[PDB]
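Okay, so here's just one chain, in C-alpha cells, the form deposited in one PDB entry.
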C-alpha cells in the first residue's frame, strides 16, 4: 500500500508447451524453450544467452505461467516441482521477501542482513490477522498458533528447522519477541524471557565455519498462558551441549562466546575478580582456532551479558560465581607440567583461589589421585581437560535451572506454545557419539512429523471420498529407534558398559556385534567410502535420512565424565557457594533418554506448526543464491509409503495407451483404462479429481506403459513390412512367367543346336 511497513514484505510471453525448466550446472535449472523433439532427445533454446542444447525428455520440468510470479503461497501454483519451487523462492528472495508459505509450511530464507520487517510498527499490523489476509511472515505463523491455542483450547508448537546457519535461532527469538509483545500482561516476566537468550547464547554458542553464532545445544522453550490469554510463565529445556569445544577448537573456529567476552575489558573492574589479563590469545584453551569474530563486539556483548544477568534477577555474588568459574577454566589450561611433577604453581593457584579450594590439596589429588594411584604426564593434562569440560557442563546445566527459577512464575497456567530449535540429521566425514545423539533425536522427531503428515493424508482420503484402510508404514523407523533406545539397545549397552572401570573401546565394540549383528538388519558392518577423508567407521546405522558409519572410539568417557573422583571431593566442599553446589552429593545417554521422552510426550500433546529455514549460500552474503545448496535443502524437507495420486487429466494422457480399444471425460476414460486392465479394486481408489494407486502400482504401470508402447510400434512396423511385401506381389507373378518364358525358351534353342539335323542344317546355311 505504498505503506513503509511493507517495503520488504509485500510482492511488488509464455507458451505452456514451449517453455520449461531444463537442468543447469550454475543455476540448477534454466529457462528453456523447446525447439525439436526426437524420441527422447529434446532440443531446447536457453532464453538467457540464447544458446542451444539437448536434454532427456524425462529431465524437463514443468514451468508455471507468469500468473504465479513471486507467489505468496506455493500450494496455489500449478506445478510444485523442484524447479518451480526453487524459482519462486529465489524470485522473492532477490527482492527482499524471505518468507513464503507452501501449504501448512512456512519457509524462511536467511537474509544475511538486517530487515525493517520486525519493528513494532509491523507487529501491530499482523496482530490477529488470518494467514491469507496479510503477506507471508513469521509473525503470522506465531499469531496464528496463538489464536488456535485460544479458540481450540490446546497446546501449540513450532518446530523451526533448517541447516546450520539457516535462521533457526534468529527466527525462534523473533517468535518469542513477537508473542512477548502481544500477550504481555530486574524487569518484567516478558523482559526476563527475552533476556535469557543473551546469557544462554554466551555460554552455549560459538563461532563455526558455518555459523558465526552457532547454537551448540538443543533448545525447547515453552511459553505458558493464563485465563485472560496473557503470558503467565515460561520454562526452558536444553539438549546435548558440545562439551568438547571447551578445551578444543578446530581451526577457524572459536570456543564459546563468554571466554572472549571475559578478556575484552568491557568491565575492567572485573579483571581482578577473575584474575584475568584482558588477552584471549594468551589462554591455550581458547586461542587454538580463532580469536576475533567479524561482526561480534565482545566488549559490548560482555556488557549486555552482564546487564542481562541483572534483569534475570541474579544476585551480584551469583553472577560473579559464574564469571569466576568460567575464568577459572581459562587458567586450568595454563597449568604447565613435567608420575609427573608440576612446572610452577602460579596459574594452578589462581584456579584453586577462584574455586575456593586449597591449591595444595588440588595439584595433589591431581598428580596422585587417591588407595592412591599416581598419574603420568598426560594422564594429568587430560584429566585437567576432563575437569574443565565437566565444570562447564555443570555450570551450563545449573545456569538453565536458575533462569527457569526466574521464569517459573507460580501464576495460573492454561495452555502453552513451545518453540523447538534443534539441529537436524547430519552426516560428516567422521561421526561419533555426538552425532548418534543428534540423529537418535531427529529420528523420534521424524516419527512425530510423520504421524502428522499421515493425518493430513487422511484429510485427502476424504476430500475426494476415497477412504483407504490399513497401509504399510514406519516399521523401519521404529526398527532404528529400538536398535538405539530399547532395553538391550546400543545406548543401553554403552550405559551398562560405563559402570565397569575395566571396560574399553573393544569390549564395547564386541559387546555390540555380540547383540545386534545379524539379529537386527539396521545394524550393518561398515561399508565403503561415499566421501573422501572419510575417517574410521566401526558400524553403520540406517537412519531415515541416511546411512551413518559410526566410529565408537572414546565413547566410554564421552558418556561418563572421567574426572578424578578425588577433585570432585575437593570441590565438593569448596568455599565458593556455586562450586559447592555444582559438585554436591545417569550418563549423557541416560539423561538424554529421560529428556527426549519428556519433549516427545510434550510435542505429542500439541498442534505443531512448521517453519523451514534455508541458507541461501556458503558465503554469508545477502541476496545471493547458490541453487545447488538451495535445491539440496529442498530435496527432502516435508514421503515413503503413501499411495500415488493422479489427476485424471494427466493420467489419461499417460495411460490411455494401455487399453485404447475401449476409449471412445478424463474421469471416465481412466475408469475405463484401469477397468480394461482388469485392475484389482484393491490396488487403487476413486477420487473426485484424482486417482489413487496403492504403493508400487504406478511404477508397474510405467512398466506396461513401456512394453505396450514398444509392441504397438513394432505392430505398425510389421504393418509397414506387410504393406511393402504385398505391394510387390504383382511384380512377382509377372516375373514368375517372364522367367519361365526365358528358362523354357533358351532350353529349346539349346537343344535345337544339339540336333544332328539342325547342326548339319546350320552348316549348309551359306
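Whichever C-alpha set is largest while still superposing within 1.5 Å between the two forms counts as the rigid core. Residue numbers count along the first chain shown, from 1.
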property: Unmodelled in at least a third of other entries of this protein, residue 664; result: yes
property: Check: residue 186 without coordinates in a third or more of other entries; result: yes
property: Residue 185 to residue 186: deposited residues without atomic coordinates; result: 10 or more
property: Deposited but uncoordinated residues in the residue 638/residue 639 interval; result: 4 to 9
property: Segment of higher mean CA temperature factor, 244-252 or 472-480; result: 472-480
property: Between the two ranges 341-349 and 85-93, the one averaging a larger CA B factor in the entry; result: 341-349
property: Candidate set 197, 533, 214, 509 [ranked by C-alpha B-factor, highest]; result: 533
property: Of the residues 268, 289, 162, 666, the one carrying the largest Cα B-factor as recorded; result: 666
property: Record-listed C-alpha B factor of residue 298: chain third; result: middle
property: Modelled-residue ranking by C-alpha temperature factor, third containing residue 326; result: lowest
property: Residue 729, C-alpha B-factor rank within chain (lowest, middle or highest third); result: highest
property: Residue 500 - which third its CA temperature factor falls in, relative to the rest of the chain; result: highest
property: Where the record places residue 749 (Cα B-factor, split into thirds across the chain); result: middle
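Heads up, the form deposited in another entry isn't pictured, but that's what we're talking about next.
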{"item": "Shifted position (C-alpha, 2 Å or more, core held fixed) between the shown form and the other one, chosen from 129, 303, 173, 413", "value": "129"}
{"item": "Large Cα shift (2 Å or above) at residue 690 between the shown form and the other one, core-fitted", "value": "yes"}
{"item": "Flag for residue 354, CA shift 2 Å or larger between the shown form and the other one after aligning core", "value": "no"}
{"item": "Core superposition between the shown form and the other one, C-alpha change of residue 83 at least 2 Å", "value": "yes"}
{"item": "Cα-Cα shift for residue 116 and residue 307, closer or farther in the other entry, minimum 3 Å", "value": "farther"}
